[PDB]
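**Q** Have a look at this one before I ask anything.
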Amino acid sequence: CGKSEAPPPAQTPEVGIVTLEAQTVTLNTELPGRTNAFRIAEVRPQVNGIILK
Amino acid sequence: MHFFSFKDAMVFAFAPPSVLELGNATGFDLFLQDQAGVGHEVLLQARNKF
């Protein structure tokens with residue numbers, strides 16, 4: 001009769017490769033913050049009395 | 001199926017049976033239940049043993 005049809009057993013299948021190499025990287029972060037003035041002076045009086053002008 | 005032996009995905013294509021109300025693929029079917037209460041790792045390694 002027949003009809004066996006044995007496939008080839010040995011395949012050793014294909015893979016995908018990349019070849020990595022040495023490389024320099026800079027590590028940098030990003031942090032929140034507020035802006036402040038260089039000098040702030042709160043004008044407070046040093047005597048007592050009515051503001052005339 | 002002979003063209004889909006490619007690298008990235010495990011593509012595995014087929015045809016439905018004659019009566020599509022009875023499943024979507026042919027063959028048999030069974031479940032391996034965990035009646036003792038032992039964890040999911042033991043059941044998973046039992047399925048991988050099977």
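As shown in the structure tokens, the chain order sets the letters A, B, ...; within each chain, residues go from 1, and ligands are also counted from 1 in the order they appear.
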Per residue of chain B within 9 Å of chain A, which atom pair is closest and at what distance in Å (one decimal), using only C-alpha atoms, listed by chain and increasing number, as JSON lines?
**A**
{"residue": "B:6", "atom": "CA", "partner": "A:14", "partner_atom": "CA", "distance": 8.3}
{"residue": "B:7", "atom": "CA", "partner": "A:15", "partner_atom": "CA", "distance": 6.4}
{"residue": "B:8", "atom": "CA", "partner": "A:16", "partner_atom": "CA", "distance": 8.4}
**Q** With N, CA and C atoms retained, could you export that selection as a short mmCIF file (atom, residue, chain, number, x, y, z; two decimals), in the first residue's frame?
**A**
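And here is the file that came out, again_20.cif:
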data_model
loop_
_atom_site.label_atom_id
_atom_site.label_comp_id
_atom_site.auth_asym_id
_atom_site.auth_seq_id
_atom_site.Cartn_x
_atom_site.Cartn_y
_atom_site.Cartn_z
N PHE B 6 7.56 30.23 11.21
CA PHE B 6 8.38 31.43 11.25
C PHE B 6 8.71 31.77 12.70
N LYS B 7 9.53 32.80 12.88
CA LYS B 7 10.31 32.92 14.10
C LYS B 7 9.53 33.50 15.27
N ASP B 8 8.85 34.63 15.07
CA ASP B 8 8.41 35.45 16.20
C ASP B 8 7.26 34.81 16.97
#
**Q** Within 12 Å of residue 27 in chain B, counting only C-alpha atoms, which residues show up once you throw out same-chain ones fewer than 5 positions away? Write them as a list in words, please.
**A**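 In the requested format, the answer is residues 16, 17 and 22 of chain B.
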**Q** Write out, as an mmCIF file, in the first residue's frame, the residues just selected, with N, CA, C and O atoms.
**A**
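What landed in result10.cif:
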data_model
loop_
_atom_site.group_PDB
_atom_site.id
_atom_site.type_symbol
_atom_site.label_atom_id
_atom_site.label_comp_id
_atom_site.auth_asym_id
_atom_site.auth_seq_id
_atom_site.Cartn_x
_atom_site.Cartn_y
_atom_site.Cartn_z
ATOM 1 N N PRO B 16 -12.550 24.814 11.036
ATOM 2 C CA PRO B 16 -13.598 24.402 11.973
ATOM 3 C C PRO B 16 -14.159 23.043 11.594
ATOM 4 O O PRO B 16 -13.953 22.577 10.464
ATOM 5 N N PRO B 17 -14.870 22.374 12.499
ATOM 6 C CA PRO B 17 -15.534 21.115 12.148
ATOM 7 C C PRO B 17 -16.789 21.356 11.314
ATOM 8 O O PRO B 17 -17.109 22.477 10.920
ATOM 9 N N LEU B 22 -20.751 22.648 17.842
ATOM 10 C CA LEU B 22 -19.990 21.764 18.723
ATOM 11 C C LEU B 22 -18.529 22.198 18.702
ATOM 12 O O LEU B 22 -17.707 21.691 17.937
#
**Q** I'd like the neighbourhood of residue 31 in chain B as a list in words, where a residue qualifies if any of its atoms comes within 12 Å (using only C-alpha atoms), though same-chain residues fewer than 2 positions away should be ignored.
**A** residues 28, 29, 33, 34, 43, 46, 47 and 50 of chain B
**Q** For the residues selected in the previous step, produce a file with C-alpha atoms as a PDB file, in the first residue's frame.
**A**
ATOM      1  CA  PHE B  28     -10.877  15.423  22.694  1.00  0.00           C
ATOM      2  CA  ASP B  29     -11.069  17.639  25.785  1.00  0.00           C
ATOM      3  CA  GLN B  33      -9.038  19.600  38.726  1.00  0.00           C
ATOM      4  CA  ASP B  34      -7.461  20.311  42.124  1.00  0.00           C
ATOM      5  CA  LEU B  43      -1.611  21.912  39.724  1.00  0.00           C
ATOM      6  CA  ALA B  46       1.032  18.525  37.298  1.00  0.00           C
ATOM      7  CA  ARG B  47      -0.279  19.861  33.982  1.00  0.00           C
ATOM      8  CA  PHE B  50       1.066  15.659  31.839  1.00  0.00           C
TER       9      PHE B  50
END
**Q** As an MDAnalysis selection string, list the residues of chain B assigned to helix (DSSP H, G or I) by DSSP on the backbone atoms of this structure.
**A** chainID B and resid 40:49
**Q** Could you please take those selected residues and save C-alpha atoms as a PDB file, in the first residue's frame?
**A**
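Saved result, out-v7.pdb, follows:
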ATOM      1  CA  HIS B  40      -1.861  26.593  41.936  1.00  0.00           C
ATOM      2  CA  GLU B  41       1.845  25.753  41.543  1.00  0.00           C
ATOM      3  CA  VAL B  42       1.266  22.041  42.225  1.00  0.00           C
ATOM      4  CA  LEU B  43      -1.611  21.912  39.724  1.00  0.00           C
ATOM      5  CA  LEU B  44       0.439  23.827  37.145  1.00  0.00           C
ATOM      6  CA  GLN B  45       3.412  21.496  37.506  1.00  0.00           C
ATOM      7  CA  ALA B  46       1.032  18.525  37.298  1.00  0.00           C
ATOM      8  CA  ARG B  47      -0.279  19.861  33.982  1.00  0.00           C
ATOM      9  CA  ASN B  48       3.279  20.417  32.743  1.00  0.00           C
ATOM     10  CA  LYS B  49       4.087  16.860  33.838  1.00  0.00           C
TER      11      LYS B  49
END
**Q** Quick one: distance from CA of residue 19 in chain A to CA of residue 4 in chain B in Å, one decimal?
**A**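 Result for CA of residue 19 in chain A versus CA of residue 4 in chain B: 26.1 Å, one decimal.
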**Q** Provide the CA of residue 11 in chain B to CA of residue 5 in chain A distance in Å, to one decimal place.
**A**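 Atom-to-atom, CA of residue 11 in chain B and CA of residue 5 in chain A are spaced 23.8 Å apart.
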**Q** Which residues, written as a PyMOL selection string, have at least one atom at most 8 Å from residue 1 in chain B, with only C-alpha atoms counted and residues fewer than 3 positions away on the same chain left out?
**A** chain B and resi 4-5+12-13
